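Worksheet for the structure shown next.
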Amino acid sequence: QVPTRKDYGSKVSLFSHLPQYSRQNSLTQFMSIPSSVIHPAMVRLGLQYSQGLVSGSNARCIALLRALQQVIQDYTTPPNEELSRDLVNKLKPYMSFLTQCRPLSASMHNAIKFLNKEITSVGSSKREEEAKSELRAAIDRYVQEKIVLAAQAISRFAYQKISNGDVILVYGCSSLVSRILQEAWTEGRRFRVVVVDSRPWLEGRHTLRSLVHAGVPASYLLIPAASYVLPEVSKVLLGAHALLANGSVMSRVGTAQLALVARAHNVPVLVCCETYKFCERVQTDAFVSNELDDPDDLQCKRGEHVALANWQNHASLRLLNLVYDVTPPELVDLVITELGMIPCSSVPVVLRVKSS
Amino acid sequence: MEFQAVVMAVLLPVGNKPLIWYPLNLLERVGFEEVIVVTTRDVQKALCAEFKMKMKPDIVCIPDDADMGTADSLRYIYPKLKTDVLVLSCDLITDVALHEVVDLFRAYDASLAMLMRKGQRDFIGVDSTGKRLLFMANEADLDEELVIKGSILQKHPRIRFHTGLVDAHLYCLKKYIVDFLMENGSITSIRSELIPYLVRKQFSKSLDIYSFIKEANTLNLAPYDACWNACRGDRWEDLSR
Amino acid sequence: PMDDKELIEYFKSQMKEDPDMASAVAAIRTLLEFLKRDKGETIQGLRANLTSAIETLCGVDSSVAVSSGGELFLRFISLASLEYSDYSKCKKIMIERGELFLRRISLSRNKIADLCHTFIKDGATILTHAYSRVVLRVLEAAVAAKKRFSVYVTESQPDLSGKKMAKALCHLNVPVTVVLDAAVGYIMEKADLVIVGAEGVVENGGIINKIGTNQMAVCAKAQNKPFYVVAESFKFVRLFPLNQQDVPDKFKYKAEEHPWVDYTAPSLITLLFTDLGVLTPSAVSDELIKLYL
Amino acid sequence: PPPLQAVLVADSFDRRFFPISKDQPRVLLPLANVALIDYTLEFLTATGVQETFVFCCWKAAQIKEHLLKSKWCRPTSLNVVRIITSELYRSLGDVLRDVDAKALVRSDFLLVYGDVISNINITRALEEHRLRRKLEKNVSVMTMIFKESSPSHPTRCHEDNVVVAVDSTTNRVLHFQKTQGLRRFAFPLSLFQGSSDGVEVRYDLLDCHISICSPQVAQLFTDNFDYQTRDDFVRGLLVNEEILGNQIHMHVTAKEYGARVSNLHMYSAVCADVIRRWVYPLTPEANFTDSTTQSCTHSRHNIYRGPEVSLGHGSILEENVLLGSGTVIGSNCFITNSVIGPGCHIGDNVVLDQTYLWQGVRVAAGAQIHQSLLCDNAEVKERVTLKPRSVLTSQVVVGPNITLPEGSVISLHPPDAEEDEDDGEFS
Amino acid sequence: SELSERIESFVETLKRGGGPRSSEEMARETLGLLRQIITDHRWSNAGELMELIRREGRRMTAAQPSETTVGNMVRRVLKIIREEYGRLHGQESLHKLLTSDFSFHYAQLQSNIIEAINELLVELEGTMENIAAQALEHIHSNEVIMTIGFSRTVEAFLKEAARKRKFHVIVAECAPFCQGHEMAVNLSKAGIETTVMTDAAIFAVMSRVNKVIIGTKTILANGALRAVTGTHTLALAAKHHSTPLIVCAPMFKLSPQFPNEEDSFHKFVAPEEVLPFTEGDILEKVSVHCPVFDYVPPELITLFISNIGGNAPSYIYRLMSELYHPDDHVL
């Protein structure tokens, strides 16, 4: 069977319960080239998750659903068995392998739950081809109505808040924020955008390039200097990787800071997220549940010397590369979803109306 | 199946063990329950009988014509190909971890993944990361100067060139490459005029060509000196293998 | 059809005949009377005429409660038309449901008073901002329960509604003191709780009220005093003001710079007393989310 | 150990700034209210140069007069500027031939033009050059300085674009060629076979036009009388490798700025970079040339204001705006990404975008000026609109009721100016 | 002319790039230059000496406004001159208002000025030792400390505290100039069990940090701080979690200026640190700003540790009165 990925380096004592891997170490060096235990599509998907070729939560969910459609297409029911259970039992090891390649996101968890419910509801007296076609159609409908139409509705809703001659501060890279800003600029709103970035990913350059190509006037700076630009900032628009049942917003590592600093400068905070990213779990800190990225990514060249080059030699030295933080509900003013403009405390309510 | 292994013989049973055995063992180590082999017919269309005396899990053998190239062999065996192919040759004595080339194929959804080793005439040029190759040509086609398109340097402003590298003739090829070969009978040899065409077709939904550079072993070429070097190296190589 | 003029004088006479009835209730009654005699044939035309009438009424009165009642009436029409496709059956259903809705919103004030009066203790001090009929009713209910308490009321400088509130309280034999609009921060330490009305409850749970409400709420929060708001259900409106500037201009003015309205965030509010019961602010959004599918 | 010298060519022997060069030398043009010669001298002084030779031929009188009353000609300056002038100079080859004839350079001097804006420290490059010359026993001759860049940057002009083929092991240049009006680039096969240890073709390099040279450069220039430019020397050396090898190497900088202004596009790009602090510490508010008239205060969004500006009521300075001392701005104006010289006067409701107004320029109310250049003492009358790429040179007055086309260079000299005039565009 | 060339070299070094990396070296160089100015220059009266010192101080401060240690030393020397002149010759308060002169010559004033400068230098030498000595009163066993950037005073503090206690240190790199890596390596070489993180993680982990110890570049008149960029967010997070914020700053980093003064407060450097030059055409349309200093209000600071002990920000004004004359603020 598939082995277990080896932990890399030494972890922080407070994060010792989380797995920490390295990008150089690949899990496919111990698996047969014509993969049998793991479907080849899942192998490719895990390879490009571990190497970082798919980063955004929406992109990760779409890639997972595409590979999963391929797996369903290639799937053939074994003799003397039922599809509604065999399919789930076969899919579980693929999900375990994907988690080993890189910890799953909230969108991927919700998509997996949705497909498990869809497969479980497949009748036992229907043809295999019909069941496969229905599963593919359900995946397509899920993708459409949970990403495309949701983004369109969120852009339409956010067009109202964006006014002429105001300043909007965005953080990191998210497709929803970029689409909102581009559509608002297209409809005739005139405004500036301030892009805040953070090491080591430096993914704010993606949205910077998108805004420049769209014609929107843009400014760029790192996150420590955020307190310098908030005096002239009118709104802080953020994207969320997940909304928790207690209202807390799980997002990129710097996001919470911005909200806090925004509260210090009396600047409204808007968070745009799709309702399928709403999670019924709750957490109050970035310690109980998080993901440790490759520590070697923290190395930077300042001049001709790299200070953290051989950081393994120092026994008492540790490096952590967090990828998520949790924002308390009291630092967030708006949540913009396809349902509408809701307070940060209405997250469970939506979770109640989307389950029945 | 993800891959279909194809072995070329257009062949040598010489050595401590048959020269064709080593590629077969390399394929056998990493999965590959079955493998298709094209057997020589110019010298003797009976090497299938000789291979029937070997020890392998499963082999399918197909006799070839008198004279035919690698592309011609693929054209002959088209009906038996169903997915992406992994083309090898009898002359390949390597200890490379095959997961590198196939991992390059898997990760980037490449149309071609190939393996080469540092030498110990043909110019190749890869980008900064050293994985994707941007240029490839031979001294026969170039009169005195090497010409690079402006678009290539516009997209990739840093091309690093190798000259002495040795092609190992191990290719992971996508299925539509085979289909394009089938629609066009002009191409006769994979190395000579198939791979360069794909390389130049990148810059003209886009073709992706990737290469992996090794530093341990090459294949036993047709020269007798190459055979002697392979025989010398296989004594230490065959210990673990 | 009912003329624009006829609608305006119907609204004004409805207000005048019953001074104790809120503007939103009169607007809803006027809309129901307009629907009663319409002579239309299609539900498509009915909605256009109804929203035009709501626009006219909002032109007459710029209060937030009028617009909230108009939106509630439009949602009522949509909900009724959802069940019945035939226009005549839908018309009868809308008429009878409107009568029932009118009687319910009439009983709303007494329901709020009965739910709310228990929070007032004996010997406590009440701080109120301006003239609200709901706070007057809850103080009546507290007095009827043989509770003894004192009330401070601000003057509401633009129109001295606090003096009218003090006169009405004196008619009830309640010790009431009129204090300046600038002395709330001086009086907050003596009061035990703050009870104020609302002209509209926004999506997140904040309130839209008289210009002096926000500073009173901030002062109450600074001294950790409870801040209670009494409001009817037909004052729920799907607006989310980011700040004071984000409030629509049609509610601030025409009711150097003198806005008649401010916005109070839900974080400064302890509990809301509606005919739906005693709610946290976070409940309000839920109701709205339940109303629009 | 020997003092670091530098040869400063204060004459651009080409003519790319005509007709602006007909009145003022290009070296004395104000980039951000500071002459380019001042920027080059500051660059030389900051990098450790102790002796500088200034070779000027065209309009040498103005250059000498400006230099003598400058900071670097003071006795307290650590850079001993020596102005050498001659009327027979026609090319950089002539300058280096004269350098060899006078034996001015001792060893390892700096070759750079008089219009180079940079903040590059050449300590590492000089150390590498000296180490190569010591280990290889006098084989390395020149070390060019290049800046890592992207081909799509505004600073990378088509005219001065270049592609090289080098050895990544030793940073040795093996092929070098411009890419003006070319779609395909050809590299001779000789360089591959001569060195099979790995050759890399680089197109992501911006030419800073800075060279760490040797007296052997002057010897080769005086041995080859046909050399006229540095590119000719480089090409002739690279092609003639079989005899007298004389390898030339390169150095790449990434965290430092370096560029050479050679036309109006380069002028605009470098001015925009300087305003936005890309050439730090060389900043308009740094006052690196200690003159009282260039004192400035820096504000948010790179708004540099000089003394006694007195901005009008309702006018807006958006970003990247430099105002000279004494400049007067009207009411309800709109200035953006523009540089205004000292003493300028602007009327009401004027709009300026990406313009450059030299000292003494007077603009009447209602003007709309975009992406143009207005030389010193120019004048614009009411309700006049200038399209992008317009140029007014040396006191041209443009009358009312006229909109100039995009490419409109006008001056007081009839032939060079496209439409010479002093009262408008209608003849 | 040796003094003139020394002054010119000092001004050029201030303008281009910091030669003396440590602030103590800058203070010592300024004090030595001022001593040479006092000795070599010929002056009869005290007023002309004061105006000369004011002139060179104005030049040096105009060379680099962000480097406030030069101005602090100039003002300290001016107050020393005032005190010595008052002693050899013969404080705005209500007492002075209710209760109730230069251009005189004294031959022995110069020796008193020189010895006062010398004892000031002697005090300057041992500031870090005093701060390290009092470090042990603020660190308890198994504590968690957080630091931003690289400061020699804080590292001396932690290394002295680590000889008798075991504690964990979390260093947040100060992007773009990621100098927190160097401090983390230095502390790890002393076995202090350190951790390296980015700025973005600060608020993420402040909930598990017991106290924050930081350095500073300048302490203003009201107790505010001019620190490295990212310190304001750090102080805001500490205030949110109520963790004490300790500032280990010597007395020469104490400047009598006030926050709102010409807005020439932050220092802006080349945007190459934030956005590289290889991005391409987008750099034409993008405004990149790279401040290196940040303003921290005095209400976010819990304690001030200096060579004279521990103090509250509310007392900082008094330390202003004992160090600088009210007429030397403008300089």
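So for chain D, numbering is Swiss-Prot's, and the shown residues are 40-466, in order.
Keep in mind that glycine also has a Cβ here, set from the backbone N, Cα and C atoms.
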Position flagged as phosphoserine [Swiss-Prot], chosen from D:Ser60, D:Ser429, D:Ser450: D:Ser450
Residue with minimal Cβ packing [other Cβ atoms within 10 Å] among the recorded sites D:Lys61, D:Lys103, D:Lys141, D:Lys217: D:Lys141
Pairwise CA distance, D:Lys61 (ubiquitin cross-link) versus D:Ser450 (phosphoserine), rounded so that it is a whole Å: 10
Secondary structure of D:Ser130 (phosphoserine) (DSSP, helix/strand/coil): coil
Chain-internal residues, separated by at least six, CB under 8 A from D:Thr322 (phosphothreonine): D:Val313, D:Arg316, D:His337
Pairwise Cα distance for D:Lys217 (ubiquitin cross-link)/D:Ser130 (phosphoserine) [Å, integer]: 19
List of the recorded positions D:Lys61, D:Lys103, D:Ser130, D:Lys141, D:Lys217, D:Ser450 facing chain E, defined by a Cβ pair under 8 Å: none
Residue from D:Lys103, D:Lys141, D:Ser466 whose C-alpha is spatially nearest that of D:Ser450 (phosphoserine), among the recorded positions: D:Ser466
Modified residues listed as D:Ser130, D:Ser450, least Cβ neighbours within 10 Å: D:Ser130
Other CB atoms within 10 A, centred on D:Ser466 (phosphoserine): 6
Alpha-carbon distance [D:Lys103 (ubiquitin cross-link); D:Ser466 (phosphoserine)] in Å: 38
D:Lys141 (ubiquitin cross-link) and D:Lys103 (ubiquitin cross-link), Cα-Cα, nearest whole angstrom: 20
Mapped DSSP class for D:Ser450 (phosphoserine), helix or strand or coil: coil
